[PDB]
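S.K.: Following this line is input-v1.pdb, made up of PDB, N, CA, C and O atoms:
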```pdb
MODEL        1
ATOM      1  N   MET A   1    -147.803 185.874  -4.689
ATOM      2  CA  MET A   1    -148.806 186.383  -5.674
ATOM      3  C   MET A   1    -150.197 185.867  -5.327
ATOM      4  O   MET A   1    -150.371 185.161  -4.333
ATOM      5  N   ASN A   2    -151.184 186.241  -6.143
ATOM      6  CA  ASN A   2    -152.577 185.955  -5.815
ATOM      7  C   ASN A   2    -152.828 184.453  -5.713
ATOM      8  O   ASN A   2    -153.274 183.954  -4.672
ATOM      9  N   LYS A   3    -152.554 183.713  -6.786
ATOM     10  CA  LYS A   3    -152.843 182.284  -6.801
ATOM     11  C   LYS A   3    -151.822 181.525  -5.958
ATOM     12  O   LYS A   3    -150.638 181.877  -5.923
ATOM     13  N   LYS A   4    -152.284 180.474  -5.277
ATOM     14  CA  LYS A   4    -151.403 179.696  -4.412
ATOM     15  C   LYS A   4    -152.091 178.400  -4.007
ATOM     16  O   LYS A   4    -153.320 178.287  -4.040
ATOM     17  N   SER A   5    -151.267 177.427  -3.614
ATOM     18  CA  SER A   5    -151.729 176.122  -3.153
ATOM     19  C   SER A   5    -151.943 176.173  -1.643
ATOM     20  O   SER A   5    -150.982 176.308  -0.882
ATOM     21  N   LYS A   6    -153.202 176.056  -1.207
ATOM     22  CA  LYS A   6    -153.501 176.061   0.224
ATOM     23  C   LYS A   6    -152.741 174.959   0.954
ATOM     24  O   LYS A   6    -152.305 175.147   2.097
ATOM     25  N   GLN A   7    -152.571 173.806   0.307
ATOM     26  CA  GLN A   7    -151.923 172.668   0.949
ATOM     27  C   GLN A   7    -150.446 172.946   1.223
ATOM     28  O   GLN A   7    -149.921 172.571   2.279
ATOM     29  N   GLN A   8    -149.753 173.582   0.275
ATOM     30  CA  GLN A   8    -148.332 173.854   0.464
ATOM     31  C   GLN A   8    -148.117 174.993   1.449
ATOM     32  O   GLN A   8    -147.178 174.954   2.249
ATOM     33  N   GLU A   9    -148.989 176.002   1.430
ATOM     34  CA  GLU A   9    -148.905 177.057   2.430
ATOM     35  C   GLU A   9    -148.955 176.480   3.836
ATOM     36  O   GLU A   9    -148.244 176.951   4.731
ATOM     37  N   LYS A  10    -149.800 175.468   4.055
ATOM     38  CA  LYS A  10    -149.963 174.915   5.396
ATOM     39  C   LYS A  10    -148.719 174.152   5.822
ATOM     40  O   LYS A  10    -148.226 174.327   6.938
ATOM     41  N   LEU A  11    -148.210 173.283   4.951
ATOM     42  CA  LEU A  11    -146.987 172.562   5.267
ATOM     43  C   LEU A  11    -145.812 173.521   5.463
ATOM     44  O   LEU A  11    -145.008 173.341   6.385
ATOM     45  N   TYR A  12    -145.698 174.549   4.610
ATOM     46  CA  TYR A  12    -144.602 175.507   4.730
ATOM     47  C   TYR A  12    -144.679 176.274   6.048
ATOM     48  O   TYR A  12    -143.678 176.404   6.763
ATOM     49  N   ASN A  13    -145.854 176.813   6.380
ATOM     50  CA  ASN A  13    -146.004 177.493   7.664
ATOM     51  C   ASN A  13    -145.553 176.598   8.815
ATOM     52  O   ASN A  13    -144.973 177.078   9.796
ATOM     53  N   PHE A  14    -145.806 175.291   8.708
ATOM     54  CA  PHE A  14    -145.417 174.370   9.771
ATOM     55  C   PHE A  14    -143.909 174.184   9.802
ATOM     56  O   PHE A  14    -143.293 174.203  10.871
ATOM     57  N   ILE A  15    -143.308 173.943   8.638
ATOM     58  CA  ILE A  15    -141.871 173.717   8.572
ATOM     59  C   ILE A  15    -141.127 174.909   9.154
ATOM     60  O   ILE A  15    -140.171 174.749   9.920
ATOM     61  N   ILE A  16    -141.564 176.120   8.808
ATOM     62  CA  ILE A  16    -140.920 177.333   9.300
ATOM     63  C   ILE A  16    -140.964 177.364  10.821
ATOM     64  O   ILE A  16    -139.937 177.516  11.489
ATOM     65  N   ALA A  17    -142.167 177.252  11.382
ATOM     66  CA  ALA A  17    -142.331 177.280  12.829
ATOM     67  C   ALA A  17    -141.502 176.186  13.490
ATOM     68  O   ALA A  17    -140.779 176.436  14.460
ATOM     69  N   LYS A  18    -141.565 174.969  12.947
ATOM     70  CA  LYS A  18    -140.816 173.861  13.522
ATOM     71  C   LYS A  18    -139.307 174.112  13.473
ATOM     72  O   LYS A  18    -138.581 173.693  14.379
ATOM     73  N   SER A  19    -138.807 174.788  12.435
ATOM     74  CA  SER A  19    -137.377 175.086  12.394
ATOM     75  C   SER A  19    -136.989 176.057  13.507
ATOM     76  O   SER A  19    -135.970 175.866  14.177
ATOM     77  N   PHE A  20    -137.803 177.083  13.747
ATOM     78  CA  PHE A  20    -137.482 178.035  14.808
ATOM     79  C   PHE A  20    -137.538 177.391  16.186
ATOM     80  O   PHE A  20    -136.829 177.831  17.098
ATOM     81  N   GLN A  21    -138.372 176.366  16.365
ATOM     82  CA  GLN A  21    -138.496 175.681  17.646
ATOM     83  C   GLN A  21    -137.325 174.761  17.938
ATOM     84  O   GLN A  21    -137.175 174.317  19.077
ATOM     85  N   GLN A  22    -136.517 174.447  16.950
ATOM     86  CA  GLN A  22    -135.319 173.668  17.203
ATOM     87  C   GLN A  22    -134.506 174.319  18.319
ATOM     88  O   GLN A  22    -134.370 175.551  18.348
ATOM     89  N   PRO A  23    -133.970 173.538  19.259
ATOM     90  CA  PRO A  23    -133.089 174.122  20.277
ATOM     91  C   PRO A  23    -131.737 174.510  19.699
ATOM     92  O   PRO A  23    -131.242 173.913  18.739
ATOM     93  N   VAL A  24    -131.144 175.542  20.300
ATOM     94  CA  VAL A  24    -129.840 176.018  19.865
ATOM     95  C   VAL A  24    -128.858 174.859  19.804
ATOM     96  O   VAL A  24    -128.853 173.978  20.669
ATOM     97  N   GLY A  25    -128.018 174.865  18.768
ATOM     98  CA  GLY A  25    -127.054 173.823  18.531
ATOM     99  C   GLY A  25    -127.567 172.605  17.794
ATOM    100  O   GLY A  25    -126.765 171.889  17.188
ATOM    101  N   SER A  26    -128.863 172.327  17.826
ATOM    102  CA  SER A  26    -129.354 171.113  17.184
ATOM    103  C   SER A  26    -129.193 171.186  15.669
ATOM    104  O   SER A  26    -129.333 172.249  15.057
ATOM    105  N   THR A  27    -128.886 170.041  15.068
ATOM    106  CA  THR A  27    -128.848 169.898  13.619
ATOM    107  C   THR A  27    -130.113 169.211  13.118
ATOM    108  O   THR A  27    -130.737 168.428  13.833
ATOM    109  N   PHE A  28    -130.496 169.520  11.880
ATOM    110  CA  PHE A  28    -131.711 168.957  11.306
ATOM    111  C   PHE A  28    -131.689 169.112   9.789
ATOM    112  O   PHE A  28    -130.981 169.964   9.236
ATOM    113  N   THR A  29    -132.471 168.261   9.131
ATOM    114  CA  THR A  29    -132.764 168.347   7.704
ATOM    115  C   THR A  29    -134.236 168.668   7.483
ATOM    116  O   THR A  29    -135.077 168.569   8.386
ATOM    117  N   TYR A  30    -134.546 169.044   6.243
ATOM    118  CA  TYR A  30    -135.934 169.301   5.879
ATOM    119  C   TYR A  30    -136.798 168.060   6.091
ATOM    120  O   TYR A  30    -137.917 168.155   6.609
ATOM    121  N   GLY A  31    -136.301 166.890   5.679
ATOM    122  CA  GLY A  31    -137.084 165.674   5.790
ATOM    123  C   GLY A  31    -137.376 165.277   7.223
ATOM    124  O   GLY A  31    -138.427 164.703   7.508
ATOM    125  N   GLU A  32    -136.457 165.573   8.145
ATOM    126  CA  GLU A  32    -136.726 165.290   9.550
ATOM    127  C   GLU A  32    -137.879 166.137  10.064
ATOM    128  O   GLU A  32    -138.737 165.643  10.806
ATOM    129  N   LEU A  33    -137.938 167.406   9.658
ATOM    130  CA  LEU A  33    -139.047 168.254  10.076
ATOM    131  C   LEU A  33    -140.327 167.863   9.361
ATOM    132  O   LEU A  33    -141.413 167.916   9.946
ATOM    133  N   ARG A  34    -140.215 167.481   8.090
ATOM    134  CA  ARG A  34    -141.391 167.150   7.292
ATOM    135  C   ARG A  34    -142.120 165.935   7.858
ATOM    136  O   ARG A  34    -143.356 165.903   7.897
ATOM    137  N   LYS A  35    -141.367 164.928   8.302
ATOM    138  CA  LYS A  35    -141.949 163.691   8.801
ATOM    139  C   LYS A  35    -142.728 163.885  10.090
ATOM    140  O   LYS A  35    -143.467 162.982  10.486
ATOM    141  N   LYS A  36    -142.597 165.033  10.739
ATOM    142  CA  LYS A  36    -143.386 165.342  11.921
ATOM    143  C   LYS A  36    -144.704 166.021  11.585
ATOM    144  O   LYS A  36    -145.499 166.292  12.494
ATOM    145  N   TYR A  37    -144.951 166.303  10.311
ATOM    146  CA  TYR A  37    -146.207 166.915   9.904
ATOM    147  C   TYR A  37    -147.317 165.871   9.965
ATOM    148  O   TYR A  37    -147.155 164.755   9.462
ATOM    149  N   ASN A  38    -148.444 166.232  10.586
ATOM    150  CA  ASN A  38    -149.487 165.245  10.853
ATOM    151  C   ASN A  38    -150.339 164.951   9.625
ATOM    152  O   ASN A  38    -150.869 163.844   9.497
ATOM    153  N   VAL A  39    -150.475 165.900   8.731
ATOM    154  CA  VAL A  39    -151.335 165.758   7.566
ATOM    155  C   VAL A  39    -150.566 165.059   6.456
ATOM    156  O   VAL A  39    -149.354 165.230   6.291
ATOM    157  N   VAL A  40    -151.286 164.251   5.694
ATOM    158  CA  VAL A  40    -150.736 163.618   4.503
ATOM    159  C   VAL A  40    -150.691 164.649   3.386
ATOM    160  O   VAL A  40    -151.589 165.489   3.257
ATOM    161  N   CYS A  41    -149.640 164.598   2.573
ATOM    162  CA  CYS A  41    -149.595 165.429   1.380
ATOM    163  C   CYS A  41    -148.776 164.720   0.316
ATOM    164  O   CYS A  41    -147.956 163.845   0.605
ATOM    165  N   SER A  42    -149.026 165.107  -0.929
ATOM    166  CA  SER A  42    -148.394 164.447  -2.056
ATOM    167  C   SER A  42    -146.885 164.638  -2.017
ATOM    168  O   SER A  42    -146.361 165.572  -1.407
ATOM    169  N   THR A  43    -146.185 163.733  -2.696
ATOM    170  CA  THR A  43    -144.764 163.933  -2.932
ATOM    171  C   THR A  43    -144.515 165.260  -3.635
ATOM    172  O   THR A  43    -143.524 165.947  -3.361
ATOM    173  N   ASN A  44    -145.414 165.647  -4.534
ATOM    174  CA  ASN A  44    -145.231 166.896  -5.259
ATOM    175  C   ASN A  44    -145.260 168.081  -4.306
ATOM    176  O   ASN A  44    -144.431 168.994  -4.412
ATOM    177  N   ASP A  45    -146.217 168.091  -3.375
ATOM    178  CA  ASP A  45    -146.309 169.185  -2.416
ATOM    179  C   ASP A  45    -145.150 169.161  -1.423
ATOM    180  O   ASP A  45    -144.757 170.213  -0.911
ATOM    181  N   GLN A  46    -144.587 167.982  -1.151
ATOM    182  CA  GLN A  46    -143.449 167.895  -0.245
ATOM    183  C   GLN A  46    -142.222 168.548  -0.866
ATOM    184  O   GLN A  46    -141.525 169.332  -0.211
ATOM    185  N   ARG A  47    -141.961 168.253  -2.142
ATOM    186  CA  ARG A  47    -140.756 168.757  -2.790
ATOM    187  C   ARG A  47    -140.851 170.251  -3.070
ATOM    188  O   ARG A  47    -139.859 170.974  -2.932
ATOM    189  N   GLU A  48    -142.027 170.744  -3.455
ATOM    190  CA  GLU A  48    -142.178 172.184  -3.638
ATOM    191  C   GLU A  48    -141.862 172.934  -2.345
ATOM    192  O   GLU A  48    -141.151 173.944  -2.357
ATOM    193  N   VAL A  49    -142.395 172.461  -1.215
ATOM    194  CA  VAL A  49    -142.141 173.135   0.054
ATOM    195  C   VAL A  49    -140.676 172.998   0.441
ATOM    196  O   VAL A  49    -140.074 173.941   0.962
ATOM    197  N   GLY A  50    -140.088 171.827   0.203
ATOM    198  CA  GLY A  50    -138.674 171.651   0.479
ATOM    199  C   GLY A  50    -137.825 172.712  -0.181
ATOM    200  O   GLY A  50    -136.935 173.297   0.443
ATOM    201  N   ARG A  51    -138.103 172.995  -1.453
ATOM    202  CA  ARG A  51    -137.290 173.959  -2.183
ATOM    203  C   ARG A  51    -137.589 175.384  -1.734
ATOM    204  O   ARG A  51    -136.671 176.194  -1.572
ATOM    205  N   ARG A  52    -138.858 175.712  -1.494
ATOM    206  CA  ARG A  52    -139.148 177.036  -0.961
ATOM    207  C   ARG A  52    -138.498 177.227   0.408
ATOM    208  O   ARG A  52    -138.156 178.356   0.787
ATOM    209  N   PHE A  53    -138.312 176.137   1.156
ATOM    210  CA  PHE A  53    -137.679 176.214   2.468
ATOM    211  C   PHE A  53    -136.174 176.376   2.335
ATOM    212  O   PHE A  53    -135.576 177.220   3.005
ATOM    213  N   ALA A  54    -135.564 175.586   1.459
ATOM    214  CA  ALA A  54    -134.127 175.639   1.265
ATOM    215  C   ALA A  54    -133.657 177.021   0.828
ATOM    216  O   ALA A  54    -132.521 177.405   1.125
ATOM    217  N   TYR A  55    -134.509 177.785   0.135
ATOM    218  CA  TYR A  55    -134.115 179.099  -0.351
ATOM    219  C   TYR A  55    -134.508 180.203   0.619
ATOM    220  O   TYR A  55    -133.796 181.212   0.728
ATOM    221  N   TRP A  56    -135.601 180.016   1.353
ATOM    222  CA  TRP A  56    -135.920 180.913   2.455
ATOM    223  C   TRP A  56    -134.769 180.976   3.447
ATOM    224  O   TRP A  56    -134.357 182.056   3.886
ATOM    225  N   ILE A  57    -134.235 179.813   3.801
ATOM    226  CA  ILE A  57    -133.270 179.722   4.882
ATOM    227  C   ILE A  57    -131.914 180.217   4.410
ATOM    228  O   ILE A  57    -131.146 180.785   5.189
ATOM    229  N   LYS A  58    -131.617 180.051   3.129
ATOM    230  CA  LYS A  58    -130.302 180.378   2.605
ATOM    231  C   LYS A  58    -130.158 181.832   2.170
ATOM    232  O   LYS A  58    -129.025 182.297   2.022
ATOM    233  N   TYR A  59    -131.262 182.564   1.970
ATOM    234  CA  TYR A  59    -131.203 183.902   1.394
ATOM    235  C   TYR A  59    -131.996 184.926   2.177
ATOM    236  O   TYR A  59    -131.996 186.101   1.801
ATOM    237  N   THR A  60    -132.684 184.525   3.231
ATOM    238  CA  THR A  60    -133.318 185.484   4.119
ATOM    239  C   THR A  60    -132.324 185.858   5.210
ATOM    240  O   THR A  60    -131.823 184.961   5.904
ATOM    241  N   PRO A  61    -131.985 187.134   5.381
ATOM    242  CA  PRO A  61    -130.923 187.491   6.324
ATOM    243  C   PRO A  61    -131.414 187.532   7.758
ATOM    244  O   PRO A  61    -132.585 187.793   8.042
ATOM    245  N   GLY A  62    -130.486 187.279   8.670
ATOM    246  CA  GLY A  62    -130.797 187.375  10.075
ATOM    247  C   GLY A  62    -131.525 186.187  10.654
ATOM    248  O   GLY A  62    -132.002 186.277  11.788
ATOM    249  N   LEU A  63    -131.636 185.092   9.918
ATOM    250  CA  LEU A  63    -132.277 183.903  10.464
ATOM    251  C   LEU A  63    -131.298 183.133  11.347
ATOM    252  O   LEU A  63    -130.103 183.084  11.059
ATOM    253  N   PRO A  64    -131.781 182.501  12.407
ATOM    254  CA  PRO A  64    -130.887 181.800  13.337
ATOM    255  C   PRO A  64    -130.562 180.382  12.876
ATOM    256  O   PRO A  64    -130.760 179.410  13.612
ATOM    257  N   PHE A  65    -130.043 180.269  11.656
ATOM    258  CA  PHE A  65    -129.713 178.981  11.066
ATOM    259  C   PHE A  65    -128.458 179.131  10.228
ATOM    260  O   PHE A  65    -128.175 180.203   9.707
ATOM    261  N   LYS A  66    -127.722 178.040  10.082
ATOM    262  CA  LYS A  66    -126.664 177.980   9.095
ATOM    263  C   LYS A  66    -126.547 176.552   8.591
ATOM    264  O   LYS A  66    -127.048 175.605   9.206
ATOM    265  N   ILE A  67    -125.870 176.410   7.459
ATOM    266  CA  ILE A  67    -125.609 175.114   6.851
ATOM    267  C   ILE A  67    -124.285 174.600   7.390
ATOM    268  O   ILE A  67    -123.294 175.342   7.425
ATOM    269  N   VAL A  68    -124.253 173.332   7.800
ATOM    270  CA  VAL A  68    -123.070 172.763   8.442
ATOM    271  C   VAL A  68    -122.511 171.563   7.701
ATOM    272  O   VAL A  68    -121.396 171.126   8.021
ATOM    273  N   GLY A  69    -123.221 171.028   6.723
ATOM    274  CA  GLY A  69    -122.791 169.820   6.036
ATOM    275  C   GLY A  69    -123.969 169.177   5.324
ATOM    276  O   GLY A  69    -124.913 169.854   4.925
ATOM    277  N   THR A  70    -123.894 167.861   5.189
ATOM    278  CA  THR A  70    -124.975 167.101   4.588
ATOM    279  C   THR A  70    -125.242 165.868   5.436
ATOM    280  O   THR A  70    -124.379 165.410   6.190
ATOM    281  N   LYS A  71    -126.446 165.317   5.276
ATOM    282  CA  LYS A  71    -126.858 164.112   5.988
ATOM    283  C   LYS A  71    -127.834 163.355   5.106
ATOM    284  O   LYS A  71    -128.907 163.876   4.789
ATOM    285  N   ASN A  72    -127.466 162.140   4.706
ATOM    286  CA  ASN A  72    -128.315 161.327   3.840
ATOM    287  C   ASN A  72    -128.641 162.071   2.544
ATOM    288  O   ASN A  72    -129.788 162.114   2.095
ATOM    289  N   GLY A  73    -127.618 162.679   1.949
ATOM    290  CA  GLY A  73    -127.777 163.379   0.692
ATOM    291  C   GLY A  73    -128.546 164.678   0.762
ATOM    292  O   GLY A  73    -128.740 165.317  -0.279
ATOM    293  N   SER A  74    -129.001 165.090   1.938
ATOM    294  CA  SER A  74    -129.695 166.357   2.101
ATOM    295  C   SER A  74    -128.784 167.353   2.802
ATOM    296  O   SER A  74    -127.785 166.983   3.423
ATOM    297  N   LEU A  75    -129.137 168.627   2.687
ATOM    298  CA  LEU A  75    -128.428 169.653   3.433
ATOM    299  C   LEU A  75    -128.701 169.493   4.924
ATOM    300  O   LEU A  75    -129.839 169.250   5.342
ATOM    301  N   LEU A  76    -127.644 169.616   5.724
ATOM    302  CA  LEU A  76    -127.748 169.600   7.179
ATOM    303  C   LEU A  76    -127.692 171.030   7.706
ATOM    304  O   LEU A  76    -126.707 171.743   7.482
ATOM    305  N   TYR A  77    -128.745 171.446   8.393
ATOM    306  CA  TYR A  77    -128.810 172.756   9.015
ATOM    307  C   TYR A  77    -128.526 172.660  10.512
ATOM    308  O   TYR A  77    -128.570 171.584  11.116
ATOM    309  N   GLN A  78    -128.224 173.814  11.104
ATOM    310  CA  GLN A  78    -128.049 173.928  12.541
ATOM    311  C   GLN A  78    -128.714 175.204  13.013
ATOM    312  O   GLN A  78    -128.506 176.268  12.422
ATOM    313  N   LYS A  79    -129.558 175.075  14.033
ATOM    314  CA  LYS A  79    -130.067 176.225  14.761
ATOM    315  C   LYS A  79    -128.940 176.833  15.596
ATOM    316  O   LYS A  79    -128.255 176.127  16.342
ATOM    317  N   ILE A  80    -128.734 178.141  15.462
ATOM    318  CA  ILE A  80    -127.650 178.821  16.150
ATOM    319  C   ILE A  80    -128.244 179.878  17.060
ATOM    320  O   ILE A  80    -129.434 180.182  17.016
ATOM    321  N   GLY A  81    -127.382 180.459  17.873
ATOM    322  CA  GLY A  81    -127.843 181.326  18.922
ATOM    323  C   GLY A  81    -128.248 182.690  18.411
ATOM    324  O   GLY A  81    -127.660 183.251  17.484
ATOM    325  N   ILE A  82    -129.244 183.241  19.093
ATOM    326  CA  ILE A  82    -129.966 184.412  18.627
ATOM    327  C   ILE A  82    -129.544 185.705  19.332
ATOM    328  O   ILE A  82    -129.707 186.793  18.754
ATOM    329  N   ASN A  83    -128.950 185.613  20.522
ATOM    330  CA  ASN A  83    -128.878 186.720  21.474
ATOM    331  C   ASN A  83    -127.451 186.856  22.008
ATOM    332  O   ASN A  83    -127.167 186.510  23.160
ATOM    333  N   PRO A  84    -126.529 187.372  21.197
ATOM    334  CA  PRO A  84    -125.126 187.439  21.627
ATOM    335  C   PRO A  84    -124.913 188.394  22.793
ATOM    336  O   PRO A  84    -125.655 189.361  22.980
ATOM    337  N   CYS A  85    -123.876 188.099  23.581
ATOM    338  CA  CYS A  85    -123.464 188.912  24.735
ATOM    339  C   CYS A  85    -124.474 188.810  25.872
ATOM    340  O   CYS A  85    -124.239 188.116  26.860
TER     341      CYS A  85
ENDMDL
END
```
If you took the structure in this file and wrote it as structure tokens, what would it be?
M.R.:
Amino acid sequence: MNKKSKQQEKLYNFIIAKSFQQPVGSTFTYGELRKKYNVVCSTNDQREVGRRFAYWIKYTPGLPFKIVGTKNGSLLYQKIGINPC
């Protein structure tokens, strides 16, 4: 919608790109990707992006990711292969 937080858009755009850059087979959590973000942001902005990410990945079809378990109380994702055959 029209109104939005510039700060969360930036962190989210980064998390998305960083997830796609994961090599095939690698496992990761949101917090592992978040800690590689160079800019400081509030805990509030971290958790909002975390949840927008957790639902993007779980309900957007055709993404090269799946859930494989948990790690340190967070969901554990895995980058999977994109190009069968």
S.K.: Between atom C of residue A:62 and atom O of residue A:20, what is the spacing in Å?
M.R.: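 The value is 11.8 Å.
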S.K.: Would you be able to write out as a PyMOL selection string which residues have an atom within 6 Å of (-149.3, 171.0, -0.1) in the file's coordinates, counting only N, CA, C and O atoms?
M.R.: chain A and resi 5-9+11+41-42+45-46
S.K.: Select from chain A everything DSSP, run on the backbone, classes as strand (DSSP E), then give the selection as a VMD selection string.
M.R.: chain A and resid 27 to 28 65 to 71 74 to 79
S.K.: Can you list what the PyMOL selection byres (((chain A and resi 33 and name CA) around 12) and name CA) grabs from this structure, as a ChimeraX atom specification?
M.R.: /A:11-22,27-32,34-38,46,49-50,53,76-77
S.K.: Just the number, please: distance in Å from atom C of residue A:60 to atom O of residue A:39, one decimal.
M.R.: 26.8 Å
